[PDB]
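Step one of this worksheet: look at the structure below.
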There are 2 protein chains.
Amino acid sequence: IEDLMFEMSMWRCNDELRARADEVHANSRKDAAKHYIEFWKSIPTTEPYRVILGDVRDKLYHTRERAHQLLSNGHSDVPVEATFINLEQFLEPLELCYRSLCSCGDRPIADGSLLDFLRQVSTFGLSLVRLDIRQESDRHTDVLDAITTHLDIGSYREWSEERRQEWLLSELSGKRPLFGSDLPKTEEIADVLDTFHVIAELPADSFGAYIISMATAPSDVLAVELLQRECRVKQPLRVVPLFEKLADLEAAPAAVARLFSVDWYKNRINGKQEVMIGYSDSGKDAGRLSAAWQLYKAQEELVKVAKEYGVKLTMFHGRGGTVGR
Amino acid sequence: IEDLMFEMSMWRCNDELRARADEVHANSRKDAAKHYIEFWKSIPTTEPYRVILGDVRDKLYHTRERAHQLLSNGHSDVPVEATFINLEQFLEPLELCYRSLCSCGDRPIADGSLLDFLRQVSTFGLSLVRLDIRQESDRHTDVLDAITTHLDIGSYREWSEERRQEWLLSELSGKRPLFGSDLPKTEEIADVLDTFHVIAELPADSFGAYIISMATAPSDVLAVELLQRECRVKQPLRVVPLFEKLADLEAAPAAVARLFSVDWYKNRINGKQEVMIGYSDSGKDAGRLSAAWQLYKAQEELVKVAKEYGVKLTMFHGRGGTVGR
Ligand SMILES: [Cl-]
């Protein structure tokens, strides 16, 4: 950011960026700000790009200090409003600089370091990569079974698929909390519940998708959805199944259509769905050729099903480095 | 405590108090401890009573400091283990000094300042007085009705006494949380829920009884019990009805017997029940004579009911200062 501030030494801006620069120079905090090396003096309105980028540097500093404290200890005294909280609270001031530069005939300048920076921000965000959480279905099954046993209502394990679907649906559309603090938990059970609490405690733009290994029925996706909602995951992430064994690839389109049939999920999925297609285990239990061909059929029929339900499908290819995977 | 430390200058103790004083002088924290004015030097095992009472002063000092912080700000860094947390963790060392003194033929000394102190602790505890929480039944009903309405299960208001009873019982004996953070609350609703949260945050020996104004049915007491359990009140306080209007005094023995009829409540009540008897409103809506007489009969029949159910009843007489109350 300091190198970018050095280059954005222009003085022409449109009335927009001038107004905003006046805003920042208003709350300029006439202080020494000696923790910085460069630009430790309050930036003058002569060079307005440097003013706005100056506020951007302050919010970066405080974001770094907050993350470093949050990591090094368990907590941080750094105020959240002093940091970039949004993926675009960061982007906004840079967008403004770009609009101003183009407005003032400086598109060549704007397409330089400022553009590089814009693409880095829009591409990498506040957390360099979005993290996926992958876990096998049977662990979610164990969790739910502990819950239904504890609620004196049966055993989710022993329940047929239809019973699982109806119950999960009723609990997702219901308004009463499920388990409480007093739920008996295995180390595994508490592992997955705690991972959900960890996901809820953390920023939304840090995570990607929750991938369910050995997914076979909608009860598994709905299970993860309910387990998220009940772990108070404020902005729950998209759930995606992983079909890797060959039989799962044969049965996959049927299962996806049956999932989209659920009006609730089709309404909350918001027209977009991702499903992972594994390449590792297919050519292991059956013929490599049979695996490749069945994969082709799988992609084809998955797209068919998604178009049939008016949902934008993006398929996740779990390819390896070796041709055998 | 310092004056007590000064008088307890004996050198004879039994082996019990000797062992303990040696323990305390072991972890004596060989430091300056200059915040105290008197006894700032590590107390020598020569004066064992002073060793023990000296530790008592450390725990009192830290208890006062924690209480003062907890009051003046919202929180305290003072570790809880440094304080007296139990109303008798305090009593123990003093009991020990008393036992030791009597062992050594010093019962007279034990019956001086030490005894006064024992009685002051055992009578006033860590919180000078135990605080009652009183609220009228209709407010608990409003809360419950908001919950049953929000849970799309009906209207607690419109429900018969029997329906209220069966539902409350099922919820008391159930293990699932009731409402969540998303329960719509009036300012009154959130008032009573918040008082329960305040009760849960605070120590148990700080509170006494929860008095229900306008109590008429077991549903009212069961209601307060459920609201305590659901507000995570770890050690819920005893619920006690208040009969003050003349009709309520007439119906009181019946309503109290009807309460004891619920085996669930009678088994949890631990053989003890308190019920309040108001003296203010009776001689206002009827005569003073009719009210006095009805109060007498009411006490009589209440005792009969409690003896029939093997419950030790203690009655709370809300007498005023004027004869008319
Ligand atoms: Cl119980």
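Take the Cβ-Cβ distance between B:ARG288 and A:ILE85 as r, set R0 to 60 Å, and report the resulting FRET efficiency rounded to the nearest 0.05.
On the way: r = 68 Å, r/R0 = 1.13.
Computed FRET efficiency for B:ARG288 and A:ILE85: 0.30.
To the nearest 20 debye, what charge dipole does region A:154-205 have about its Cα centre, counting +1 at the Cβ of each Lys and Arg and -1 at the Cβ of each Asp and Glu? Show your work: numbers first, answer last.
Values: 6 positive and 12 negative charges, 61 e Å.
Computed about the Cα centre, the dipole is about 300 debye.
Sequence gap at least 6, Cα distance under 8 Å: using those rules, report the relative contact order of region A:72-173 to the nearest whole percent.
On the way: 33 pairs, mean separation 16.1, N = 102.
Once normalised by length, the contact order is 16 percent.
Towards the positive end of the charge dipole of region B:150-253, with charges on Cβ (+1 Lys, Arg; -1 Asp, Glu), say which of B:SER213, B:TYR156, B:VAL239 has the farthest Cα.
Sorting the options by dipole projection puts first B:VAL239.
Which pairs in the list B:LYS175/B:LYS245; B:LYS245/B:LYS307; A:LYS175/B:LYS234; A:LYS284/A:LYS307 are over 29 Å apart, alpha-carbon to alpha-carbon?
Working: B:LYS175/B:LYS245 37 Å; B:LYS245/B:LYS307 24 Å; A:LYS175/B:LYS234 25 Å; A:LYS284/A:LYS307 31 Å.
Check vs 29 Å cut-off fails for B:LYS175/B:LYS245; A:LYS284/A:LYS307.
With +1 assigned to the C-beta of every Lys and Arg and -1 to the C-beta of every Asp and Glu, and no other charges, what is the dipole magnitude of the protein assembly as shown about the Cα centre in debye, to the nearest 20?
Working: 82 positive and 104 negative charges, 14 e Å.
Computed charge dipole of the protein assembly as shown: roughly 60 debye.
If we hang a label 7 Å off Cα along the beta carbon direction at A:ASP263, how far is it from the matching labels on the other copies, in nm, shortest first?
The projected label point of A:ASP263 is separated from its counterparts by 4.6 nm.
DSSP loop trypsin sites (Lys or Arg not before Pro) in region B:242-321 with at most 15 other Cβ atoms within 10 Å of their Cβ, which ones?
On the way: sites: B:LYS245, B:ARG258, B:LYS266, B:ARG268, B:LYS272, B:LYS284, B:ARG288, B:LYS297, B:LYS304, B:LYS307, B:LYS312, B:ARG319; in loops: B:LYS245, B:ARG319.
Counting only loop positions with at most 15 other Cβ atoms within 10 Å, the trypsin sites (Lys or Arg not before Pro) in region B:242-321 are B:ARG319.
Consider the operator that turns chain B into chain A: which B residue has a Cβ nearest its axis, and what is that gap in Å?
Taking Cβ atoms only, the nearest residue and its distance are B:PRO177, 2.
Of the residues A:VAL78, A:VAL303, A:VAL262, which exhibits the maximal mean-square fluctuation in a Gaussian network model of chain A defined by a 10 Å Cα contact cut-off?
A:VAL78
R0 = 56 Å: FRET efficiency of B:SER122 with A:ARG258, Cβ-based, nearest 0.05? All intermediate terms of the calculation are to be shown ahead of the outcome.
Working: r = 69 Å, r/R0 = 1.23.
Calculated value: 0.20.
For A:172-179, what's the mean count of beta carbons from other chains sitting within 10 Å of each residue's beta carbon?
Working: counts 0, 0, 2, 7, 11, 7, 3, 3.
Across A:172-179, the average partner-chain Cβ count within 10 Å equals 4.
For region B:231-325, compute Rg over Rh where Rg is the Cα radius of gyration and Rh is the Kirkwood radius from the inverse mean 1/r over Cα pairs.
1.02
Once you treat every alpha carbon in the protein assembly as shown as an equal point and sum by Debye, what is log10 I(q)/I(0) at q = 0.06, 0.07, 0.09, 0.11 Å⁻¹?
Evaluating at q = 0.06, 0.07, 0.09, 0.11 Å⁻¹ gives log10 I(q)/I(0) of -0.63, -0.82, -1.09, -1.19.
Treating cross-link reach as a plain straight distance, find the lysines whose alpha-carbon is under 19 Å from the alpha-carbon of A:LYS59, omitting any fewer than eight places away in the same chain.
Cross-link targets: A:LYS30, A:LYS34, A:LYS41.
Among the trypsin sites (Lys or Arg not before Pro) in region A:103-168, which ones are in a DSSP loop with at most 14 other Cβ atoms within 10 Å of the Cβ? Mind listing them? Write out the running numbers ahead of the final one.
On the way: sites: A:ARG119, A:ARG130, A:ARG134, A:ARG139, A:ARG157, A:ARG163, A:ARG164; in loops: A:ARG130, A:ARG157.
Taking region A:103-168 and a limit of 14 other Cβ atoms within 10 Å, the loop trypsin sites (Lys or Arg not before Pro) found are A:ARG130, A:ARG157.
Could you give the dipole magnitude of chain A about its Cα centre, charging the beta-carbon of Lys and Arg +1 and that of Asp and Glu -1, in debye to the nearest 20? Present the calculation step by step, with values, prior to reporting the outcome.
On the way: 41 positive and 52 negative charges, 135 e Å.
Here chain A has a charge dipole of around 640 debye.
Kindly give the distances from B:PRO79 to its copy-mates, label point to label point, with each label point 7 Å from Cα along Cα→Cβ, as nm values to one decimal ordered shortest first.
List, nearest first: 3.4 nm.
What percent do you get for the relative contact order of chain B when only Cα pairs under 8 Å and 6+ apart count?
Details: 401 pairs, mean separation 39.0, N = 325.
Answer for chain B is 12 percent.
Distance in nm between label sites at B:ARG107 and A:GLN69, each 7 Å beyond Cα in the beta-carbon direction?
Roughly 6.3 nm, to one decimal.
Taking only DSSP H segments of four or more residues, each worth -39500 (n - 2.57), what value at 222 nm results for the protein assembly as shown once the sum is divided by all its residues, to the nearest 500 deg cm²/dmol?
Result for the protein assembly as shown, helices only: -16500 deg cm²/dmol.
DSSP loop GluC sites (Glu not before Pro) in region A:23-90 with at most 15 other Cβ atoms within 10 Å of their Cβ, which ones? Display every interim value, and only then the final one.
Working: sites: A:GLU23, A:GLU38, A:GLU65, A:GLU81, A:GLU88; in loops: A:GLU38, A:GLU88.
Passing sites in region A:23-90 are A:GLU38, A:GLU88.
Beyond 28 Å, what share of the Cα-Cα pairs of chain A is found? Please give it as a whole percent.
Working: 29769 of 52650 pairs.
Roughly 57 percent, rounded to a whole number.
Hey, what D do you get for region A:40-154 in µm²/s if you plug the Kirkwood alpha-carbon radius into Stokes-Einstein at 4 °C and 1.567 mPa s? Don't skip to the answer; put the middle values down first.
Working: Rh = 17.9 Å.
It comes out at roughly 72 µm²/s.
Backbone-built Cβ (ideal geometry, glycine too); neighbour counts: all protein chains shown. FYI, it's all coordinate maths here, none of it is from the lab.
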